[PDB]
Amino acid sequence: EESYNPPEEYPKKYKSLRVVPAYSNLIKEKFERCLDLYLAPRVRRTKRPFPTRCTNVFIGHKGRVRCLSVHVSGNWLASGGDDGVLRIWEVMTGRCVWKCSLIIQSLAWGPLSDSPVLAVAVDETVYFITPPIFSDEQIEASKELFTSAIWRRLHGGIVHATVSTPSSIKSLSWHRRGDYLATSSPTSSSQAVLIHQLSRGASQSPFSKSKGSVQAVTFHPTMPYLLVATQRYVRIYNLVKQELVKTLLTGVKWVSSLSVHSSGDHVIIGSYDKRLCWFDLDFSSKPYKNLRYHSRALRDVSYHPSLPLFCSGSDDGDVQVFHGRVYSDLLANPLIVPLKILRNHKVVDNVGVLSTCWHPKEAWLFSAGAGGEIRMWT
Amino acid sequence: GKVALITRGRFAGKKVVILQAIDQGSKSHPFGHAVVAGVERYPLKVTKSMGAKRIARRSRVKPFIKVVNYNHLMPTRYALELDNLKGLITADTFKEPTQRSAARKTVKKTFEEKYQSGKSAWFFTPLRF
Amino acid sequence: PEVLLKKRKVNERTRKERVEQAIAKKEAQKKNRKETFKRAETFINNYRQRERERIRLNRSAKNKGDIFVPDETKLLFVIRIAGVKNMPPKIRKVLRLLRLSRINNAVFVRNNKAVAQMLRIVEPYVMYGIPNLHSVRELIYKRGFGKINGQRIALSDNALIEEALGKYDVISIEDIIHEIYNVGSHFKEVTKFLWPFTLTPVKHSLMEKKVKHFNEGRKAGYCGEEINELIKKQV
Amino acid sequence: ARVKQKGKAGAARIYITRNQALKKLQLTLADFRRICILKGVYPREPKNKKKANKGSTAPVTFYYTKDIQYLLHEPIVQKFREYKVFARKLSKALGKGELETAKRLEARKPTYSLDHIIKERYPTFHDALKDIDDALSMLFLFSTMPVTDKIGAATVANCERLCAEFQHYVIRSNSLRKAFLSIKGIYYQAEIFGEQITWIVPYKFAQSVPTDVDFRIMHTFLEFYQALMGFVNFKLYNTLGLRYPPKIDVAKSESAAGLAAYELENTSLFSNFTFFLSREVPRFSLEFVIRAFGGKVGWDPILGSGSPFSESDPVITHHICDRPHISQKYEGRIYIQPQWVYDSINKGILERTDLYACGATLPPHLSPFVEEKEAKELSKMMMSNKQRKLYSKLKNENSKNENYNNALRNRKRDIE
RNA sequence: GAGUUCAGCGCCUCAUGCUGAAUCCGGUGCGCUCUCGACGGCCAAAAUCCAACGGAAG
RNA sequence: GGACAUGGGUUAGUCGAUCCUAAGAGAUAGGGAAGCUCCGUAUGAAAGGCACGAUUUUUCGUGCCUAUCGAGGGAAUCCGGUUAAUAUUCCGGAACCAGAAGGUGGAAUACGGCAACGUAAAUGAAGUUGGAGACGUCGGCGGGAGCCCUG
């Protein structure tokens with residue numbers, strides 16, 4: 001319907017036949033038609049836990065928050081960054097009462113509430129400090145936990161145990177009982193992973209011979225097994241037997257971090273290749289599902305310990321929230337689907353969401369950005 | 001800004017320019033390291049007879065930013081400096097792959113502009129061996 | 001049940017490269033085929049023709065100021081069959097006066113005493129006759145060329161005809177043919193506007209592409225309605 | 001048995017390249033294309049390319065080995081060589097000066113007939129009627145092209161003869177259904193034996209050849225279609241009882257009489273109507289279209305003889321004319337524009353004359369052939385082969401144009 | 001679950017099955033045989049397969 | 001009785017041959033010879049195919065590279081059981097190789113480490129190069145296995 005005067009579009013419109021010329025391209029378009037009949041390859045074909053928008057914006061960090069963590073009670077959040085100043089924010093009020101500064105690569109609170117000791121690792125040194133905000137009995141109980149890596153025993157800077165490692169610590173983990181501390185340093189080759197026992201006040205390397213860099217490390221939440229996320233794969237070692245358990249290949253160029261549910265069967269791992277892989281130990285070594293939501297490198301992924309939800313943070317500034325129900329039945333496969341896609345986060349130096357923390361009680365996500373802004377998506 | 005060549009690793013025989021020198025030593029690299037951005041895929045010889053999309057595809061170049069030791073590198077008399085090539089090299093870009101990816105994208109864009117302008121022809125052209 | 005036709009496997013890049021090389025090789029050949037020799041015989045042949053032509057003019061003009069004046073057609077059709085190198089001065093001007101400046105040109109002429117006389121002067125070089133309406137129709141509708149602002153312009157748009165011939169009540173191609181066949185008042189203006197056609201002899205069968213100086217056996221002089229058949233073959 | 005070698009079966013065996021197909025048939029490229037044009041032969045892209053190319057990578061056209069082996073026994077291939085023989089014997093005769101054995105040789109030049117090509121390519125008449133539309137577009141296109149050195153005059157005569165006989169058939173059979181207009185030409189559309197036939201008629205005009213079309217190819221297609229037209233029309237006339245070919249009068253044909261030379265020795269939309277054709281309209285298209293629906297047709301004598309009516313006869317119901325001025329306007333022959341006729345053809349309904357009358361604004365012409373966020377984000381990531389892109393391609397160009405033209409109606413009402 | 005050795009049963013019967021178990025912990029070699037590997041010296045070809053350089057094609 | 005009479009018995013994708021060459025034999029190109037025949041096999045042999053192309057005058061143009069027989073060489077399977085006479089073949093059970101297409105999923109529009117090197121994938125034409133196949137002999141030592149010895 002392109003002709004004299006069609007209202008379809010206004011090619012060209014012509015008032016009458018006289019103004020209508022001869023088409024010059026007709027012989028050409030027919031010439032290509034010929035080519036069709038013997039040159040065109042004739043291939044035949046068949047023709048709901050609501051983590052709502054963040055309403056609390058915590059500010060005060062002069063720089064990017066390297067890592068953020070929530071205490072056992074969940075009412076206090078401790079974060080550290082390259083600025084060297086540690087800020088503790090109250091969940092209920094958002095206050096920065098504990099603003100003592102005392103580059104913290106990571107900060108984690110002890111699994112035991114009766115021993116509220118937060119271990120903050122700056123470069124190659126990690127200090128287990130008991131803040132005065134916690135109860136005196138809790139502080140006293142934390143000191144009794146401790147009082148390869150050299151161990152040594154300021155605006156309320158109550159330092160209990162300081163541990164120095166051969167390499168700069170990148171990933172820090174604490175045992176369920178709190179007597180073991182796992183330090184992962186990708187820089188080191190022979191002693192990349194170090195295991196420190198607080199009861200004996202010493203540290204050692206569980207691996208007799210270490211080859212390859214390790215990007216993340218964690219312990220199983222059900223059995224005495226340690227999972228170390230290397231650059232390419234993740235190896236699970238039974239610390240009781242000091243032997244391997246299972247090796248899961250993420251199928252990515254460089255793994256970023258790993259997260260595990262409380263059951264210890266289904267895990268979600270983030271990679272630097274903008275990949276989010278959900279793997280189940282009872283399904284296969286290969287991931288059960290894969291995701292590439294992030295437009296930039298997938299920084300980290302977090303699964304809520306209680307709520308059946310998981311969150312993934314990336315440098316793209318977009319955080320993906322998914323709800324996943326896991327059933328113990330053999331025939332009931334884990335049903336995981338996305339729930340929300342957080343946005344409206346500032347990106348600086350191609351870095352967006354860096355650290356994401358889930359509330360110990362509800363499905364509330366605490367995300368700290370490169371600008372020192374913490375968004376609490378309740 | 002000094003042009004350097006890598007004689008070791010996967011990026012063997014690739015010319016690089018020192019965006020930030022780490023020869024003073026670092027915990028990650030206890031040696032005379034150097035974080036430099038080079039060219040892995042040299043642009044193809046674009047012909048004026050080719051189409052605009054064809055010319056850009058041939059002229060496309062794949063950059064590569066990596067840290068290598070001084071011993072693994074080789075200094076050269078030639079040198080090229082760019083305004084966008086100063087201050088963009090840091091450990092944060094190396095630490096964050098997304099920052100590294102943006103750094104690689106920016107470096108390739110600068111190199112493509114350099115190739116389009118006809119500058120750094122010797123560096124742009126891959127070296128034979 | 002869906003046979004997707006894909007892109008050609010022709011590599012249009014190399015095709016035009018071959019075409020450009022083909023044109024590059026062709027122009028060199030023309031610039032190489034230069035300054036051929038001329039035998040002493042052709043100088044004679046020109047002289048024999050020139051005296052043969054010159055004597056014909058004297059007998060035609062003097063003592064033969066009589067023309068048989070082809071009748072029952074106001075409009076004739078004249079085409080130039082051949083010309084002689086080192087043209088006689090008289091014929092050289094007259095052919096230009098009839099717009100037949102180059103060989104194989106086709107021009108309409110209104111029949112009268114004057115035109116038939118000039119045709120009689122240049123008779124040994126032209127094949128002339130009476131075109132029928134149909135033959136004139138295909139000539140304009142397949143080989144008609146206009147002179148818009150003085151360039152070689154195809155009669156591709158009726159708007160151009162109206163633009164350049166509106167004030168003489170000529171609006172369309174069909175107006176042109178009706179005027180020309182009827183030889184109206186605007187016949188002179190239309191014929192002035194019309195660019196001469198080019199009926200170069202056609203060479204299809206193998207015998208023609210090989211016989212030397214093949215011109216379809218075109219004689220010179222009156223041919224009646226055979227010019228219509230010649231046009232039918234030619235157009 | 002031995003370890004079977006690579007590429008000895010499957011996609012590395014059936015698929016055979018163009019160069020191999022040349023040396024297997026022992027042909028030059030130009031002859032190979034000719035037998036590929038005449039037969040039904042076309043490249044077929046293999047699913048696994050480097051597998052089908054002995055591990056190579058370069059882009060190469062492929063054919064079915066079964067297809068090439070059919071061309072090995074084609075009897076016409078011999079008639080290609082017999083002409084290669086004939087050409088050298090005619091060159092021999094002209095070289096020695098035998099201007100007579102040259103004349104007799106050319107009389108006895110070798111020939112090939114496409115009778116068995118047509119039968120083996122189209123078995124059933126319905127197969128022909130389906131795959132004949134391009135043939136109609138082809139032959140009709142050529143009848144208005146000046147004869148060149150590439151295309152012989154008699155071939156043009158074959159187009160004109162075969163073109164008119166088809167026009168006579170449709171008018172006789174009243175099988176014409178629609179006739180659309182465009183800058184391409186007059187898109188005709190009829191139906192025969194249930195199947196639908198469509199083509200395009202070029203504007204009969206003093207066109208120019210772009211000097212880039214390779215006329216060698218176009219010449220073989222005419223040598224193919226002009227064979228098809230004779231035998232397709234032969235069955236139609238035998239079915240309709242007409243004697244094929246219809247007789248042609250030379251004297252009438254040299255007077256631009258159109259269909260009048262040949263004698264055939266809502267179909268009634270214009271049965272009770274009489275039309276006259278003025279001397280400014282496309283008589284060739286209008287003669288065919290009106291007589292297809294019973295319209296009694298006369299035309300200006302300057303367009304050609306054979307007009308049953310004259311200018312003065314008032315029996316004409318509609319004196320069609322697109323000239324902006326009508327000095328001697330008649331009565332009872334209401335003067336309308338040609339777009340009225342085609343609009344009546346498309347709708348099969350007598351249209352309104354005055355809106356199409358002389359000097360009136362032309363009416364437009366019509367082509368007769370023509371929770372949510374969650375439910376849209378889960379299948380974008382939790383599925384493998386990604387056919388989800390079908391919306392992004394199929395729906396996008398339909399939604400945008402639908403949004404665009406719907407805004408045309410609102411914006412055009414604002415103009416009014 | 002096989003095999004090997006014990007103990008028992010099935011019964012006119014070509015019923016040739018049936019029931020229990022064990023089938024384990026070691027060491028040795030100027031021994032003998034062979035194999036592989038780090039040294040010391042004394043002084044085939046062809047068939048076939050793999051990889052690299054290379055940068056035509058998009 | 002190995003005598004005669006009368007019957008039965010050798011089962012293979014994986015074991016060998018068939019596949020290859022060595023020294024040489026050796027047809028052909030040639031040349032001798034009255035002749036059966038002889039010499040000759042790199043020899044004054046036009047001695048084998050590859051790609052490109054809207055189809056090129058609708059008569060093929062352009063560009064590249066230079067026998068045969070003959071026995072150590074060689075892809076891939078073991079267990080248990082089974083007969084008057086059979087087993088890597090038969091049976092039961094368990095694998096491997098080669099080749100073949102399409103289908104699914106995965107990635108795809110390759111990677112990290114100064115490094116040796118490593119991963120689930122991770123374009124490569126013509127042309128160029130290498131390794132394996134494919135390598136002499138003897139003596140001592142280390143590692144293991146089995147036999148034998150012994151608690």
# chains A, B, ... in the order shown; residues from 1 in each chain; ligands from 1

$ residues_around --residues "residue 233 in chain A" --least-positions-apart "2" --cutoff "8 Å" --atoms "only C-alpha atoms (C1' of nucleotides)" --output "NGL selection string"
:A and (229-231 or 235 or 247-251 or 255)

$ write_last_selection --atoms "N, CA, C and O atoms" --output "PDB file, in the first residue's frame"
ATOM      1  N   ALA A 229      36.705 -21.302  48.005  1.00  0.00           N
ATOM      2  CA  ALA A 229      36.399 -20.910  46.632  1.00  0.00           C
ATOM      3  C   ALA A 229      37.673 -20.364  46.000  1.00  0.00           C
ATOM      4  O   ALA A 229      38.094 -19.241  46.291  1.00  0.00           O
ATOM      5  N   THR A 230      38.286 -21.160  45.131  1.00  0.00           N
ATOM      6  CA  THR A 230      39.503 -20.755  44.442  1.00  0.00           C
ATOM      7  C   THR A 230      39.139 -19.844  43.271  1.00  0.00           C
ATOM      8  O   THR A 230      38.004 -19.377  43.142  1.00  0.00           O
ATOM      9  N   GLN A 231      40.115 -19.571  42.404  1.00  0.00           N
ATOM     10  CA  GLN A 231      39.862 -18.705  41.258  1.00  0.00           C
ATOM     11  C   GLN A 231      38.854 -19.328  40.299  1.00  0.00           C
ATOM     12  O   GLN A 231      37.970 -18.636  39.781  1.00  0.00           O
ATOM     13  N   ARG A 235      36.583 -26.093  46.415  1.00  0.00           N
ATOM     14  CA  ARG A 235      36.933 -27.390  46.978  1.00  0.00           C
ATOM     15  C   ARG A 235      36.460 -27.466  48.422  1.00  0.00           C
ATOM     16  O   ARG A 235      36.728 -26.557  49.217  1.00  0.00           O
ATOM     17  N   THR A 247      34.505 -31.208  44.907  1.00  0.00           N
ATOM     18  CA  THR A 247      34.995 -30.063  44.151  1.00  0.00           C
ATOM     19  C   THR A 247      33.937 -29.668  43.132  1.00  0.00           C
ATOM     20  O   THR A 247      33.555 -30.481  42.283  1.00  0.00           O
ATOM     21  N   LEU A 248      33.468 -28.427  43.216  1.00  0.00           N
ATOM     22  CA  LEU A 248      32.448 -27.905  42.316  1.00  0.00           C
ATOM     23  C   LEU A 248      33.064 -26.846  41.415  1.00  0.00           C
ATOM     24  O   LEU A 248      33.658 -25.878  41.902  1.00  0.00           O
ATOM     25  N   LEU A 249      32.920 -27.031  40.105  1.00  0.00           N
ATOM     26  CA  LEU A 249      33.451 -26.091  39.128  1.00  0.00           C
ATOM     27  C   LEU A 249      32.365 -25.086  38.761  1.00  0.00           C
ATOM     28  O   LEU A 249      31.298 -25.468  38.269  1.00  0.00           O
ATOM     29  N   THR A 250      32.640 -23.805  39.003  1.00  0.00           N
ATOM     30  CA  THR A 250      31.673 -22.757  38.698  1.00  0.00           C
ATOM     31  C   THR A 250      31.591 -22.447  37.210  1.00  0.00           C
ATOM     32  O   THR A 250      30.618 -21.820  36.776  1.00  0.00           O
ATOM     33  N   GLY A 251      32.575 -22.873  36.424  1.00  0.00           N
ATOM     34  CA  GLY A 251      32.578 -22.575  35.002  1.00  0.00           C
ATOM     35  C   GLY A 251      32.721 -21.102  34.686  1.00  0.00           C
ATOM     36  O   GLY A 251      32.038 -20.597  33.786  1.00  0.00           O
ATOM     37  N   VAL A 255      36.354 -16.671  40.003  1.00  0.00           N
ATOM     38  CA  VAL A 255      35.289 -16.700  40.997  1.00  0.00           C
ATOM     39  C   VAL A 255      35.451 -15.518  41.941  1.00  0.00           C
ATOM     40  O   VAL A 255      36.572 -15.126  42.285  1.00  0.00           O
TER      41      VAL A 255
END

$ closest_atom_pairs --of "chain B" --to "chain C" --cutoff "10 Å" --atoms "only C-alpha atoms" --output "JSON lines"
{"residue": "B:49", "atom": "CA", "partner": "C:13", "partner_atom": "CA", "distance": 8.1}
{"residue": "B:50", "atom": "CA", "partner": "C:13", "partner_atom": "CA", "distance": 7.6}
{"residue": "B:51", "atom": "CA", "partner": "C:13", "partner_atom": "CA", "distance": 9.3}

$ residues_around --residues "residue 67 in chain D" --least-positions-apart "3" --cutoff "12 Å" --atoms "only C-alpha atoms (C1' of nucleotides)" --output "NGL selection string"
:D and (14-18 or 21 or 24-25 or 35-36 or 39-44 or 62-64 or 70-74)

$ residues_around --residues "residue 219 in chain D" --least-positions-apart "3" --cutoff "8 Å" --atoms "only C-alpha atoms (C1' of nucleotides)" --output "list in words"
residues 150, 151, 215, 216, 222 and 223 of chain D; 58 of chain F

$ write_last_selection --atoms "N, CA, C and O atoms (P, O5', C5', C4', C3', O3' and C1' of nucleotides)" --output "PDB file, in the first residue's frame"
ATOM      1  N   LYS D 150      21.851  -7.724 -26.598  1.00  0.00           N
ATOM      2  CA  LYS D 150      21.816  -8.885 -25.718  1.00  0.00           C
ATOM      3  C   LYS D 150      20.534  -9.690 -25.895  1.00  0.00           C
ATOM      4  O   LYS D 150      20.558 -10.923 -25.814  1.00  0.00           O
ATOM      5  N   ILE D 151      19.412  -9.016 -26.131  1.00  0.00           N
ATOM      6  CA  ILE D 151      18.105  -9.654 -26.236  1.00  0.00           C
ATOM      7  C   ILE D 151      17.597  -9.454 -27.655  1.00  0.00           C
ATOM      8  O   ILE D 151      17.376  -8.317 -28.086  1.00  0.00           O
ATOM      9  N   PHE D 215      22.806  -8.915 -18.625  1.00  0.00           N
ATOM     10  CA  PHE D 215      21.710  -9.367 -19.473  1.00  0.00           C
ATOM     11  C   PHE D 215      21.839 -10.826 -19.883  1.00  0.00           C
ATOM     12  O   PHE D 215      20.856 -11.408 -20.350  1.00  0.00           O
ATOM     13  N   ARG D 216      23.020 -11.427 -19.730  1.00  0.00           N
ATOM     14  CA  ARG D 216      23.176 -12.837 -20.070  1.00  0.00           C
ATOM     15  C   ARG D 216      22.232 -13.702 -19.248  1.00  0.00           C
ATOM     16  O   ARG D 216      21.558 -14.588 -19.784  1.00  0.00           O
ATOM     17  N   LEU D 222      14.275 -15.652 -19.992  1.00  0.00           N
ATOM     18  CA  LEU D 222      13.318 -15.537 -21.086  1.00  0.00           C
ATOM     19  C   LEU D 222      13.273 -16.815 -21.905  1.00  0.00           C
ATOM     20  O   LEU D 222      12.192 -17.297 -22.256  1.00  0.00           O
ATOM     21  N   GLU D 223      14.438 -17.390 -22.205  1.00  0.00           N
ATOM     22  CA  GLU D 223      14.465 -18.661 -22.915  1.00  0.00           C
ATOM     23  C   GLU D 223      13.831 -19.776 -22.102  1.00  0.00           C
ATOM     24  O   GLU D 223      13.504 -20.827 -22.661  1.00  0.00           O
TER      25      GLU D 223
ATOM     26  P     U F  58      27.122 -12.295 -24.835  1.00  0.00           P
ATOM     27  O5'   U F  58      26.119 -13.411 -25.379  1.00  0.00           O
ATOM     28  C5'   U F  58      26.565 -14.716 -25.726  1.00  0.00           C
ATOM     29  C4'   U F  58      26.633 -15.624 -24.523  1.00  0.00           C
ATOM     30  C3'   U F  58      26.677 -17.118 -24.800  1.00  0.00           C
ATOM     31  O3'   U F  58      27.956 -17.581 -25.199  1.00  0.00           O
ATOM     32  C1'   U F  58      25.161 -16.671 -23.037  1.00  0.00           C
TER      33        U F  58
END

$ atom_distance --atom1 "CA of residue 201 in chain D" --atom2 "CA of residue 283 in chain D"
12.9 Å

$ atom_distance --atom1 "CA of residue 324 in chain A" --atom2 "CA of residue 308 in chain A"
5.3 Å

$ residues_around --residues "residue 92 in chain B" --least-positions-apart "2" --cutoff "12 Å" --atoms "only C-alpha atoms (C1' of nucleotides)" --output "NGL selection string"
(:A and (64 or 66 or 82 or 348-351 or 370)) or (:B and (87-90 or 94-103))

$ closest_atom_pairs --of "chain F" --to "chain A" --cutoff "9 Å" --atoms "only C-alpha atoms (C1' of nucleotides)" --output "tab-separated table"
residue	atom	partner	partner_atom	distance
F:54	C1'	A:35	CA	7.4
F:107	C1'	A:251	CA	8.1
F:110	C1'	A:253	CA	7.8
F:111	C1'	A:253	CA	5.5
F:112	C1'	A:254	CA	7.6
F:113	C1'	A:212	CA	7.8
F:118	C1'	A:212	CA	8.9
F:119	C1'	A:232	CA	7.3
F:120	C1'	A:251	CA	6.9

$ atom_distance --atom1 "CA of residue 70 in chain C" --atom2 "CA of residue 111 in chain C"
7.9 Å

$ interface_residues --of "chain D" --to "chain E" --cutoff "10 Å" --atoms "only C-alpha atoms (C1' of nucleotides)" --output "PyMOL selection string"
chain D and resi 57-60

$ write_last_selection --atoms "C-alpha atoms" --output "mmCIF file, in the first residue's frame"
data_model
loop_
_atom_site.group_PDB
_atom_site.id
_atom_site.type_symbol
_atom_site.label_atom_id
_atom_site.label_comp_id
_atom_site.auth_asym_id
_atom_site.auth_seq_id
_atom_site.Cartn_x
_atom_site.Cartn_y
_atom_site.Cartn_z
ATOM 1 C CA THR D 57 36.703 -22.502 6.642
ATOM 2 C CA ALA D 58 36.411 -20.317 3.548
ATOM 3 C CA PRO D 59 32.885 -19.345 2.408
ATOM 4 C CA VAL D 60 31.831 -21.630 -0.444
#

$ closest_residue --among "C:86, C:198, C:156, C:191" --to "chain D" --atoms "only C-alpha atoms"
C:156

$ interface_residues --of "chain A" --to "chain D" --cutoff "10 Å" --atoms "only C-alpha atoms" --output "count of residues only"
52

$ closest_atom_pairs --of "chain C" --to "chain A" --cutoff "12 Å" --atoms "only C-alpha atoms" --output "JSON lines"
{"residue": "C:1", "atom": "CA", "partner": "A:46", "partner_atom": "CA", "distance": 5.4}
{"residue": "C:2", "atom": "CA", "partner": "A:45", "partner_atom": "CA", "distance": 4.7}
{"residue": "C:3", "atom": "CA", "partner": "A:44", "partner_atom": "CA", "distance": 3.8}
{"residue": "C:4", "atom": "CA", "partner": "A:43", "partner_atom": "CA", "distance": 5.4}
{"residue": "C:5", "atom": "CA", "partner": "A:42", "partner_atom": "CA", "distance": 5.2}
{"residue": "C:6", "atom": "CA", "partner": "A:40", "partner_atom": "CA", "distance": 5.6}
{"residue": "C:7", "atom": "CA", "partner": "A:40", "partner_atom": "CA", "distance": 6.4}
{"residue": "C:8", "atom": "CA", "partner": "A:40", "partner_atom": "CA", "distance": 5.5}
{"residue": "C:9", "atom": "CA", "partner": "A:39", "partner_atom": "CA", "distance": 6.9}
{"residue": "C:10", "atom": "CA", "partner": "A:39", "partner_atom": "CA", "distance": 8.3}
{"residue": "C:11", "atom": "CA", "partner": "A:39", "partner_atom": "CA", "distance": 11.9}
{"residue": "C:141", "atom": "CA", "partner": "A:22", "partner_atom": "CA", "distance": 11.0}
{"residue": "C:142", "atom": "CA", "partner": "A:22", "partner_atom": "CA", "distance": 11.7}
{"residue": "C:154", "atom": "CA", "partner": "A:22", "partner_atom": "CA", "distance": 10.9}
{"residue": "C:155", "atom": "CA", "partner": "A:22", "partner_atom": "CA", "distance": 9.5}
{"residue": "C:156", "atom": "CA", "partner": "A:22", "partner_atom": "CA", "distance": 6.1}
{"residue": "C:157", "atom": "CA", "partner": "A:21", "partner_atom": "CA", "distance": 4.8}
{"residue": "C:158", "atom": "CA", "partner": "A:18", "partner_atom": "CA", "distance": 5.8}
{"residue": "C:159", "atom": "CA", "partner": "A:19", "partner_atom": "CA", "distance": 5.6}
{"residue": "C:160", "atom": "CA", "partner": "A:19", "partner_atom": "CA", "distance": 9.2}
{"residue": "C:161", "atom": "CA", "partner": "A:18", "partner_atom": "CA", "distance": 10.1}
{"residue": "C:162", "atom": "CA", "partner": "A:18", "partner_atom": "CA", "distance": 9.5}
{"residue": "C:163", "atom": "CA", "partner": "A:19", "partner_atom": "CA", "distance": 11.1}
{"residue": "C:171", "atom": "CA", "partner": "A:18", "partner_atom": "CA", "distance": 8.4}
{"residue": "C:172", "atom": "CA", "partner": "A:18", "partner_atom": "CA", "distance": 6.9}
{"residue": "C:173", "atom": "CA", "partner": "A:18", "partner_atom": "CA", "distance": 9.1}
{"residue": "C:174", "atom": "CA", "partner": "A:18", "partner_atom": "CA", "distance": 10.1}
{"residue": "C:175", "atom": "CA", "partner": "A:18", "partner_atom": "CA", "distance": 11.2}

$ closest_residue --among "C:116, C:82, C:127, C:202" --to "residue 223 in chain C" --atoms "only C-alpha atoms"
C:127

$ select_by_dssp --residues "range 7-192 of chain C" --states "strand (DSSP E)" --output "number ranges by chain"
C: 75-80, 105-110, 126-129, 145-148, 151-154

$ select_by_dssp --residues "range 7-210 of chain C" --states "alpha helix (DSSP H)" --output "VMD selection string"
chain C and resid 12 to 32 40 to 61 89 to 97 113 to 121 133 to 143 158 to 165 173 to 182 187 to 193

$ residues_around --residues "residue 231 in chain C" --least-positions-apart "4" --cutoff "8 Å" --atoms "only C-alpha atoms (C1' of nucleotides)" --output "PyMOL selection string"
chain C and resi 135+227+235

$ write_last_selection --atoms "N, CA and C atoms" --output "PDB file, in the first residue's frame"
ATOM      1  N   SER C 135       4.537   2.531 -35.134  1.00  0.00           N
ATOM      2  CA  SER C 135       5.991   2.657 -35.167  1.00  0.00           C
ATOM      3  C   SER C 135       6.450   3.943 -34.494  1.00  0.00           C
ATOM      4  N   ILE C 227      10.609   1.014 -43.821  1.00  0.00           N
ATOM      5  CA  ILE C 227      11.179   1.684 -42.658  1.00  0.00           C
ATOM      6  C   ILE C 227      10.391   1.332 -41.405  1.00  0.00           C
ATOM      7  N   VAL C 235      13.078  -1.540 -32.986  1.00  0.00           N
ATOM      8  CA  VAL C 235      12.372  -1.189 -31.762  1.00  0.00           C
ATOM      9  C   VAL C 235      11.117  -2.044 -31.648  1.00  0.00           C
TER      10      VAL C 235
END

$ residues_around --residues "residue 191 in chain D" --least-positions-apart "2" --cutoff "12 Å" --atoms "only C-alpha atoms (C1' of nucleotides)" --output "MDAnalysis selection string"
chainID D and resid 126 129:130 132:133 169:170 173:178 188:189 193:199

$ interface_residues --of "chain F" --to "chain D" --cutoff "10 Å" --atoms "only C-alpha atoms (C1' of nucleotides)" --output "list in words"
residues 13, 18, 19, 50, 51, 52, 53, 54, 55, 56, 58, 59, 60, 61, 75, 97, 98, 99, 100, 101, 102, 104, 105, 106, 123, 124 and 125 of chain F

$ interface_residues --of "chain D" --to "chain C" --cutoff "6 Å" --atoms "only C-alpha atoms" --output "ChimeraX atom specification"
/D:146-147,149,152-153,205-206,254-256,280
